[PDB]
Amino acid sequence: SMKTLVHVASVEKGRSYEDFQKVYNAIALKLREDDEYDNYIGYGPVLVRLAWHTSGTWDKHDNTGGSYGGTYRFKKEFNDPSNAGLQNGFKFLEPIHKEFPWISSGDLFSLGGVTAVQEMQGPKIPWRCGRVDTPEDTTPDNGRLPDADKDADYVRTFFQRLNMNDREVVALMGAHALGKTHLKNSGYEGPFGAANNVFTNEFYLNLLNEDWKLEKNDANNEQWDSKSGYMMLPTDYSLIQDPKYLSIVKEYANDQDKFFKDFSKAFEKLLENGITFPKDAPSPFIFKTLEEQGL
Ligand code: HEM
């Protein structure tokens, strides 16, 4: 591999907590307003998916990809087959960026995910500013995001590239409490769980408690379906097939607070992988929800 690239965080000129809380608020207000999307699930889940896809390209071996450069705005990454459907999240963020043109693309994509998690009643995610747009030729090639038709050994190896351990993997996957698979996007179809747009630990409870059947969907792909009408990907279900993952699933199924704390740590880490924060950078921001502000 090549010598690691160095990506030093640089605060948008003159900006501070209050500026980023205003961007958060605009995202949160649009989440509330544009609530018809995807049969009234709203844009929360796709924004969290967008944050994972734009951060999940990172390669610890050469520090390519990751959230820093905001490269999803370029054709090669925008048109990654793995990114099908994310254009809806990008379009959601367009008026936000128009109102706050000074925020970097990487800061906006990652802050979109933080805002969505918190506004869906998830844990506070501390968030740092200072990602800087990088040129088109820094865009990572397609193929760095994970396949869903795979087992636990694949999941474990894949996430080593993001410097995630077993606990971080199981915690991050809890985001599949949110939203659904869409046959036209991914070859999988159905809601993951019951609430769809409230962040809870129901991913782990459903894995353990539902009666899952391995079925074939209308795209001829196998997926796990329950009589409650939920589905899980093969990679999701692998978390109760592998004995080490299963232990952690049981822990989170039995401790909502522990899941929230571990998810918040692993999600912040995901959004910050590859970034060098200078010694005198601002501390991470913890944004108030609209509810906490009375807005
Ligand atoms: C092995 C790892 C993962 C695999 C294979 C995977 C795969 C998928 C697939 C196939 C979909 C359906 C997309 C569609 O049809 O619209 C999806 C949706 C989603 N993913 Fe994952 N994912 C993984 C990890 C993650 C992580 C780590 C996060 C966030 C921390 C995340 C957040 C989401 C969300 C919120 C959705 C719902 C999107 C929507 O409703 O539009 N995923 N994932």
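Counting begins at 1 with the first residue of the sequence. Order of listing sets the numbers, starting from 1, for every ligand and every atom in it.
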- Query: Is the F260 ring parallel, tilted or perpendicular to the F199 ring (thresholds 30°, 60°)?
  - Reply: perpendicular

- Item | Contact atoms of ligand 1, heavy-atom distance to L172 under 4.0 Å | 27 (C), 30 (C)

- Message: Under 3.5 Å between any N/O of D38 and any N/O of ligand 1: does that happen in this structure?
- Response: no

- Task: Provide the number and element of each atom of ligand 1 under 4.0 Å from a heavy atom of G179.
- Result: 40 (O)

- Message: Looking only at distances, can you tell me whether any N or O atom of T181, backbone or side chain, sits closer than 3.5 Å to an N or O atom of ligand 1?
- Response: no

- Message: Testing the 3.5 Å rule here: is there a donor-acceptor pair between the side chains of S67 and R131?
- Response: yes

- Message: Please verify the inter-ring angle class for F287 with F285; under 30° counts as parallel, over 60° as perpendicular, anything in between as tilted.
- Response: tilted

- Message: Does the plane of the ring in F20 sit parallel, tilted or perpendicular to the ring in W102? Use 30° and 60° as the thresholds.
- Response: perpendicular

- Message: Looking only at distances, can you tell me whether any N or O atom of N185, backbone or side chain, sits closer than 3.5 Å to an N or O atom of ligand 1?
- Response: yes

- With a cut-off of 4.0 Å, which atoms of ligand 1 are near a heavy atom of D147? 5 (C)

- Task: Pick whichever of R49, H182, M120, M173 has a heavy atom sitting closest to atom 41 (O) of ligand 1.
- Result: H182

- With under 30° as parallel and over 60° as perpendicular, where do the rings of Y230 and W212 fit, or are they tilted in between? tilted

- Which residue from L271, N83, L183, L233 reaches closest to atom 7 (C) of ligand 1 through any of its heavy atoms? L233

- Query: Polar-atom distance check: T235 versus ligand 1, any N or O pair below 3.5 Å?
  - Reply: no

- Distance, nearest 0.5 Å, that separates OH of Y72 from CG of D80: 9.5 Å

- Query: If you count the atoms of ligand 1 from 1 in the order shown, which ones are under 4.0 Å from a heavy atom of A175?
  - Reply: 28 (C), 29 (C), 30 (C), 35 (C)

- With heavy atoms only and a cut-off of under 4.0 Å, state how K150 meets ligand 1: side chain, backbone, both or neither. neither

- Sort out for me which residue in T71, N142, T139 forms a side-chain hydrogen bond (donor to acceptor under 3.5 Å, both in side chains) with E77. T71

- Query: Looking at ligand 1, does any of its N/O atoms fall within less than 3.5 Å of an N/O of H176?
  - Reply: yes

- When rounded to the nearest 0.5 Å, the distance separating CG of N25 from CG of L31 is 11.5 Å

- For ligand 1, is there an atom lying under 4.0 Å from some heavy atom of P146? yes

- Query: Taking the inter-plane angle between the rings of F259 and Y204 on a 0 to 90° scale, is it parallel (under 30°), tilted (30 to 60°) or perpendicular (over 60°)?
  - Reply: perpendicular

